[PDB]
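Numbering (the authors' numbering), first residue to last: 285 to 547. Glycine included, C-beta positions come from ideal geometry on N, C-alpha and C.
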Amino acid sequence: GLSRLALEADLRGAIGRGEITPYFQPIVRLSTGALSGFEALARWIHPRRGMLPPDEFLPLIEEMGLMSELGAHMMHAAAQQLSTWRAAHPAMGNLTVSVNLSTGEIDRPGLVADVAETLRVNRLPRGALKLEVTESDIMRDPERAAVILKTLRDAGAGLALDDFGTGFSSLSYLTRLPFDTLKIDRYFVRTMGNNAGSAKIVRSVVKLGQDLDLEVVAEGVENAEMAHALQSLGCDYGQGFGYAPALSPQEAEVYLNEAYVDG
Ligand SMILES: Nc1nc2c(ncn2[C@@H]2O[C@@H]3COP(=O)(O)O[C@H]4[C@@H](O)[C@H](n5cnc6c(=O)[nH]c(N)nc65)O[C@@H]4COP(=O)(O)O[C@H]3[C@H]2O)c(=O)[nH]1
Ligand SMILES: [Ca+2]
Ligand SMILES: [Ca+2]
């Protein structure tokens, strides 16, 4: 309990010190493996414990009431990294960076202005920074969310629905929420091979994506066979260990540059 308490206390200063920082997992076109963007995922590079994963620390951030602070940091850091990459590769194709919105953030006063500020200082074009919003956050009050999403889109953010299948039936409300991207949870991707229900959900979501004109991104693409299975079903984008995990910025840079060189 003491080690956990020590870590919790460390959150007083860790966010400000930049120790909780984004790593970047590639999102690729499955047909060719071409890079489309990255998802920024929080990593706490603890000065003594080394790299800690979000499942270990996000509950502590929640208990400490520091979700907004983490979210602001992650947004700024992802956006700055994107701006740095764009300045270094001015002739490159599109490259998006996605950031996970901290729960309860969607309806926090000031979020739209914070997003707008981030886009302006980083000179980003519309859609380059994408916000991944969780089903629970959206479905807690879908009409309110619809308006905030429109305001975020108008400010210049791209928008993704993350974690469908949490339990709120977001799929049947999706026609009324202005997302541009839908993510398929790795649970469905991992189980579609052996379970008819999961296979059915993935086929159906790809179809809804086509009919609502959303980009569909499969998460947890662990290998070549999952990638081909997804492509046959009409899923064109994916992220997973079959490509790369969330990479340090130095590794991500090599990764993107190699994609730019063979584009
Ligand atoms: N086994 C397996 N896992 C794969 C594979 N491909 C991707 N993943 C993992 O799946 C998770 C995808 O992110 P998420 O669903 O938004 O799920 C995220 C998100 O809900 C939350 N999270 C991460 N970063 C942030 C952040 O900056 N802010 C907030 N609020 N939440 C975050 O923590 C969750 C866990 O993040 P991670 O541990 O980085 O775990 C990541 C990623 O590393 C694969 O092929 N196999
Ligand atoms: Ca996500
Ligand atoms: Ca997800």
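Asked, Found
"Continuous beta strand (DSSP E) stretch holding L286: start and end", "Element bounds for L286: not the beta strand (DSSP E) but the alpha helix (DSSP H), 286 to 298."
"Endpoints, alpha helix (DSSP H) assigned at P426", "426 to 439"
"Beta-carbon gap between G522 and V538 smaller than 8 Å", "no"
"Sequence-distant residues of its chain with Cβ nearer than 6 Å to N384 (five each side left out)", "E416"
"Three-state secondary structure assigned by DSSP to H373", "coil"
"Start-to-end residues for the alpha helix (DSSP H) that takes in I422", "419 to 423"
"For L408 and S367, believed in contact at Cβ under 8 Å, the rounded distance", "7 Å"
"Reduced DSSP category for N384 - H, G, I as helix; E, B as strand; rest coil", "strand"
"Distance CB(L433)-CB(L458) smaller than 8 Å", "no"
"Rounded C-alpha distance that separates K484 from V545", "38 Å"
"Member of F341, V312, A439, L455 whose CA lies at the smallest distance from the CA of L289", "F341"
"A439 beta carbon less than 8 Å from that of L403", "yes"
"Sub-8 Å separation of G442 and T380 beta-carbons", "yes"
"Cβ-heavy atom distance, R392 to ligand 1, below 7 Å", "no"
"Which of helix, strand or coil DSSP assigns to residue 551", "Absent from the structure is residue 551, since the part of the chain shown begins at 285 and ends at 547."
"Sequence-distant residues of its chain with Cβ nearer than 7 Å to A536 (five each side left out)", "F308, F322"
"Straight-line Cα distance separating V312 from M423", "28 Å"
"Cβ neighbours of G526 in the same chain (closer than 7 Å, five flanking residues each side left out)", "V505, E506, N507, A508, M510, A511"
"Beta-carbon proximity of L350 to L295, cut-off 8 Å", "yes"
"Cut-off 8 Å between Cβ atoms - residues of its own chain near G302, not counting five sequence neighbours on either side", "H357, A361"
"Beta-carbon proximity of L344 to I299, cut-off 8 Å", "no"
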